[PDB]
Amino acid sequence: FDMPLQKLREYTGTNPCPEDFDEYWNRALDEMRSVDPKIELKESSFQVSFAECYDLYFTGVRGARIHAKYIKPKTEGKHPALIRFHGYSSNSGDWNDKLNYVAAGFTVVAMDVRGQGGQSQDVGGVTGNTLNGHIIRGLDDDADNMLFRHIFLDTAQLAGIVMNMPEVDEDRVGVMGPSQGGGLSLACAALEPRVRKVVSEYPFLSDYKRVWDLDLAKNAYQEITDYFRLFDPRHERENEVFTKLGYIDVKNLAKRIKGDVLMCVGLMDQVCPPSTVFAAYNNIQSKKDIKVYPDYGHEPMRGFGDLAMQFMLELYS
């Protein structure tokens, strides 16, 4: 259902990239940097004796109150930190499974995406469809009002907040996540170049046009099809639509990443077509590597979790 591996290795993407892409994002970062986070920490009901578990809240662009789990090991001195991002429609998950990295002495943070399955706020205020999908949310509004634009900014802002924590060495921060979380990991490391390590598992939010070309604009990408069916049935605004989506196409932000990257891709993945994953991978200029799993689809790949941790452990000296 996608090109052979031989060609994936060379594929660099299909979705257009706005001509003012750089200006667009420099502007976005300016807005993010002018925000007063007014950070608040609340002790979680979940408690362990070897670490402090806090519910962290900060204000992002447009006044949205963002939430993230925050686990701090009870150890002296500064150390590495890991920021996890979750899948589409999910949330930061349970506290306990974040402790595997705390065991390694890491501070661990897991952010909730605005308006999805967690406790992060989506202030809305956009024109157009609001029933299904965040990718097309704000698509018929001004480009600067696209929801994933704010979400991407939240990850960048959170990375800076984490880097300012007293127990965190700002030069030893890594980000990780699967699918949407993998796309957000790339976006975060792109918008906050200080991020040192990046683990992106079968990333979502990449090379939109390609997904549509493969007749795969379904499942997680169904909203792109819904959009055209309802607002441009004969595709009279196709190029403008995909160009605008180019603003939130991680394959376009990929060139900004400075940290080391480790990715994985399942060749049976029809949710996030292998070609869209390689497009993001092939736009990365920093040190990188990608693990290929021929028989896996959009799912955790056996053994990769271990490769990812060993990769993250590289944050220590």
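Residue positions are given as counts along the sequence shown, with the first one as 1.
>> Regarding 71 to 79 and 115 to 123, which shows the higher C-alpha temperature factor on average in the entry?
In response: On average, C-alpha B-factors are higher across 71 to 79.
>> Tell me which stretch, 12 to 20 or 299 to 307, has the higher mean Cα B-factor listed in the entry.
In response: For C-alpha atoms only, the mean B-factor is higher in 12 to 20.
> Between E201, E236, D207, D154, which carries the biggest CA temperature factor in the record?
Replying inline: It is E236.
>> Quiz for you: based on the deposited Cα B-factor, which of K218, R229, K98, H150 is highest?
In response: The record points to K218.
> Among the modelled residues of its chain, does the C-alpha B-factor of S275 lie in the lowest, middle or highest third?
Replying inline: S275: CA B-factor falls in the middle third of its chain.
> C-alpha B factor of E223, ranked within the chain: lowest, middle or highest third?
Replying inline: It belongs to the lowest third of the chain when residues are ordered by C-alpha B-factor.
>> Ranking the modelled residues of this chain by C-alpha B-factor as given in the entry, is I39 in the lowest, middle or highest third?
In response: Highest third, going by the recorded CA B-factors of the chain.
> Going by what the PDB entry lists, where does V211 fall on CA B-factor within its chain: lowest, middle or highest third?
Replying inline: It falls in the middle third of the chain.
> In terms of the chain's CA B-factor thirds, is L262 lowest, middle or highest?
Replying inline: It belongs to the lowest third of the chain when residues are ordered by C-alpha B-factor.
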